[PDB]
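Asker: Take this sequence and fold it.
(2 chains)
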Amino acid sequence: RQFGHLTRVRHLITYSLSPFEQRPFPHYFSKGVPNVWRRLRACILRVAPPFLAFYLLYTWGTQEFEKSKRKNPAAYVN
Amino acid sequence: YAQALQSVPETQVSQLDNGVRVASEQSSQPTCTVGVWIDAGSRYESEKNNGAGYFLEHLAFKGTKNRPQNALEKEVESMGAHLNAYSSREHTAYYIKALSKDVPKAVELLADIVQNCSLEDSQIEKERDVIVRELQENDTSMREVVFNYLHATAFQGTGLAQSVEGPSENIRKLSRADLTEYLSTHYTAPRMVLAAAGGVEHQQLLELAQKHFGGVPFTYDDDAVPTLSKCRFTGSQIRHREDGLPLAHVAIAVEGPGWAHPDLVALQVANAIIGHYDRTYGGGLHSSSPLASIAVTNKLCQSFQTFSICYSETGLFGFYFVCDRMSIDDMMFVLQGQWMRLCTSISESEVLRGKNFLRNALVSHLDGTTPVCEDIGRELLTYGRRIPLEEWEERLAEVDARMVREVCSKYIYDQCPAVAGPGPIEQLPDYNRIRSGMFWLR
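Answerer: Numbers count the residues shown, from 1 in each chain, chains lettered A, B, ... in the order given. Below, you will see the structure:
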């Protein structure tokens, strides 16, 4: 598929300025950084969980394995 | 030829103790045309004032206090004289064409209009709805909306960006007052010019004007002419899309120098090189204007036009093509390629003709009385005096190749253009692309 036969579009007016008449990385604070946060706090509660969960299991696992090696002070009290 | 030019009568000019400049060109023609040309346009309006000048135009004729509608109309018709006029962004005018046996009568009629329009609270309300309609007709002329949109974005955020007719809201609500407010603020002698051409003799004109234009300046403001706020150009685009239309319209342009500037000649000569096409031509062999040739060989468009529209201190040097939904791209590609070629590798063989074609226009620019008057009217108003063909000649009779390049490239190369396009324009590439179509991979 090429250009000129994608869709039946009507009544949309767009306005844009040359790259040289504007700023590249504008308003890092006014709108920039906020949205970055507007995002970290939007998925953290959806992504983090299973990862955190994984972690606990990784730890439990390693710790347990590393315990089942050491001897029990009482396997021989005689 | 050179003699023909040399033997072309000089254009008499003289200001009044008022401020009005009265100029003219005496010919012989039993007929003639006289009119006043105002230093007023839509450019001079406000966000709430905009449209006045136009609302005003539609009433200028409908009668004065000194002589109501029924009469004014009757009196002009009755003498076989023609009254017509217009208004742009920086230039308005009203002109009449009669038998030079009526300079005095015409002259009086004129004045009576630019000074006492009835502004009948009852007439106004009528034209109000006439415009709102007339406006909705100007609309489907995609050839004009496109230019408006061009200006809009080209000079976005400035007085120029506003269209000469104005928003429907304004027209729906301008007050009998506002109109008067617009008239008494811009129609002043210092900014007006009374010009003529025909069998008329200057003196009879002067006096006649000096007699019906009894204006009197007290303070210094009245006597002085206010300069407008500069208008910022902006490399940008605006896309009014609708695959519902039969074909698309495109217009791209860079900022222009402005009347005062000389290069407007070299630059005027360059456009003569790319010229214009139109499916009713007979020429797959068109001298240069490859854009036209190419347009014919590869069926690139329905037509196109090169233009150097200019204003007081700015302008627009660009081009505009009408094309089918599917050939928009190549057309733009090929054209935009010509500008580069134009200012990067032009030839004498080209400029030579360029000139000639101009000179032929330059001259037919004055075919008749009405048109001549238009020059005097304008020339004075925008240049300061009159430029005789004899002059325009030299100005543009000494433009060589290297001159075109140097200039065109001075105004076109790697500049951020201003494009506009209504209709089925899905195929028109993004700004970035048409942008980098502004520098040749020399």
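Asker: So which residues on chain A come close to chain B?
Answerer: Counting by CB under 8 Å from any CB of the partner chain, the residues of chain A close to chain B are A:3-21. For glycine as for every other residue, the C-beta is placed from the backbone atoms N, C-alpha and C.
Asker: again, only using 10 Å
Answerer: Proximity of chain A to chain B, by CB under 10 Å from any CB of the partner chain, involves residues A:2-22.
Asker: and residue A:68, how many neighbours?
Answerer: By other CB atoms under 10 Å in any protein chain shown, 7 other residues sit near residue A:68.
Asker: Sorry, wrong one. I was asking about residue B:100.
Answerer: The tally of other residues near residue B:100 (other CB under 10 Å) stands at 24.
Asker: so it sits in a strand?
Answerer: No: counting by DSSP: H, G, I helix; E, B strand; the rest coil, residue B:100 falls outside a strand, being coil.
Asker: what's the neighbour count on the closest residue to residue B:239 other than its chain neighbours?
Answerer: Once flanking residues are discounted, residue B:239 sits nearest to residue A:14: 4.8 Å by CB to CB, 6 or more residues apart in numbering or on different chains. Residue A:14 has 9 neighbouring residues, counting by other CB under 10 Å.
Asker: Is residue A:14 within a helix or a strand, and which one?
Answerer: Under the criterion of DSSP states H and E, residue A:14 resides in strand A:10-17.
Asker: Can you turn the buried part of the residues of chain A next to chain B into a PyMOL selection?
Answerer: In PyMOL syntax, the buried subset of these is picked out as below (16 or more other CB atoms under 10 Å in any protein chain shown):
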select buried, chain A and resi 4+17+18
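Asker: I figured residue B:322 was touching residue B:425, is that so?
Answerer: No: between residue B:322 and residue B:425 there is no contact under CB atoms under 10 Å: 11.8 Å.
Asker: tally of neighbours for residue 67?
Answerer: Here I'm looking at chain A. Residue A:67 has 9 neighbouring residues, counting by other CB under 10 Å.
Asker: try again with chain B
Answerer: Neighbours of residue B:67 under the rule other CB under 10 Å: 16.
Asker: ok, it to residue B:137 distance?
Answerer: Computed with CB to CB, to the nearest Å, the distance linking residue B:67 and residue B:137 is 31 Å.
Asker: go on, residue B:415?
Answerer: According to CB to CB, residue B:415 stands 35 Å off from residue B:137.
Asker: now swap in residue B:10 and tell me
Answerer: Distance from residue B:10 to residue B:137, counting by CB to CB: 43 Å.
Asker: next one: residue B:113
Answerer: To residue B:137, residue B:113 is 25 Å away according to CB to CB.
Asker: what about those two, which has more around it?
Answerer: residue B:113 (24 against 8).
Asker: got a list of what the closest residue to that one other than its chain neighbours touches?
Answerer: In space, and not counting its chain neighbours, residue B:113 is closest to residue B:60: 5.4 Å by CB to CB, 6+ apart. Contacts for residue B:60 were tallied using CB atoms under 10 Å, 6 or more residues apart in numbering or on different chains; they are B:83, B:85, B:87, B:92, B:94, B:113, B:114, B:117, B:118, B:119, B:183.
Asker: swap in residue B:422?
Answerer: For residue B:422, the contacting residues are A:13, B:142-143, B:145-146, B:148-149, B:238-242, B:245, B:248-251, by CB under 10 Å, 6+ apart.
Asker: at 8 Å what do you get?
Answerer: Residues near residue B:422 by CB atoms under 8 Å, 6 or more residues apart in numbering or on different chains: B:142, B:145, B:146, B:149, B:239, B:240, B:241, B:242, B:245, B:248, B:249.
Asker: Residue B:107: which of these is nearest?
Answerer: Lowest distance from residue B:107 to these (CB to CB) belongs to residue B:145, with 38.1 Å.
Asker: So whatever helix or strand the closest one lives in, near chain A or not?
Answerer: Element membership of residue B:145, judged by DSSP H and E, is helix B:142-154. Yes: contact of helix B:142-154 with chain A (CB under 8 Å from any CB) involves residue B:153.
Asker: can you give me the helices in chain A?
Answerer: In chain A, the segments counted as helices under DSSP state H are A:33-65.
Asker: Buried residues, the top helix by length along chain B. List them.
Answerer: If you go by DSSP H, chain B has its longest helix at helix B:121-139. The neighbour-count check on helix B:121-139 (16+ other CB under 10 Å) flags B:123, B:124, B:127, B:128, B:131, B:135 as buried.
Asker: Now tabulate these in JSON lines and tack on distance to chain A.
Answerer: Output for those, formatted as JSON lines (distance: CB to the nearest CB, whole Å):
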{"residue": "B:123", "distance to chain A": "36"}
{"residue": "B:124", "distance to chain A": "32"}
{"residue": "B:127", "distance to chain A": "29"}
{"residue": "B:128", "distance to chain A": "27"}
{"residue": "B:131", "distance to chain A": "23"}
{"residue": "B:135", "distance to chain A": "18"}
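Asker: quick one: which of the residues you listed is nearest to residue A:65?
Answerer: Taking CB to CB as the measure, residue A:65 lies nearest residue B:135 of the buried residues of helix B:121-139, at 83.3 Å.
Asker: Show me what counts as buried in the strand or helix carrying residue B:363.
Answerer: Taking DSSP H and E as the criterion, residue B:363 maps to helix B:348-364. Within helix B:348-364, the residues that qualify as buried are B:350, B:351, B:353, B:354, B:355, B:357, B:358, B:359, B:362, B:363, counting by 16+ other CB under 10 Å.
Asker: tell me what it is packed against?
Answerer: Contact here means 3 or more CB pairs under 8 Å, 6 or more residues apart in numbering or on different chains; DSSP states H and E; on that basis helix B:348-364 packs against helix B:266-274, helix B:389-397, helix B:401-411.
Asker: quick one, what contacts the residue of the stretch 201-350 of chain B found nearest chain A?
Answerer: Nearest residue of the stretch 201-350 of chain B to chain A (CB to the nearest CB) works out as residue B:235 at 3.3 Å. Taking CB under 8 Å, 6+ apart, we find residue B:235 in contact with A:17, A:18, A:20, A:21, B:415, B:416, B:417, B:418, B:435.
Asker: now swap in residue A:10 and tell me
Answerer: Contact analysis of residue A:10 by CB under 8 Å, 6+ apart lists B:241, B:242, B:243, B:244.
Asker: Just put the residues you listed in a markdown table and tack on neighbour count and secondary structure.
Answerer: Output for the contacts of residue A:10, formatted as a markdown table (neighbours: other CB atoms under 10 Å in any protein chain shown; DSSP: H, G, I helix; E, B strand; the rest coil):
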| residue | neighbour count | secondary structure |
| --- | --- | --- |
| B:241 | 20 | strand |
| B:242 | 17 | strand |
| B:243 | 16 | coil |
| B:244 | 11 | coil |
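Asker: Of these, which pair is most distant in space?
Answerer: Maximum pairwise distance in those, criterion CB to CB, is 9.4 Å, between B:241 and B:244.
Asker: Common neighbours of those two, please.
Answerer: In terms of CB under 8 Å, 6+ apart, residue B:241 and residue B:244 are both contacted by the residues A:10, B:424.
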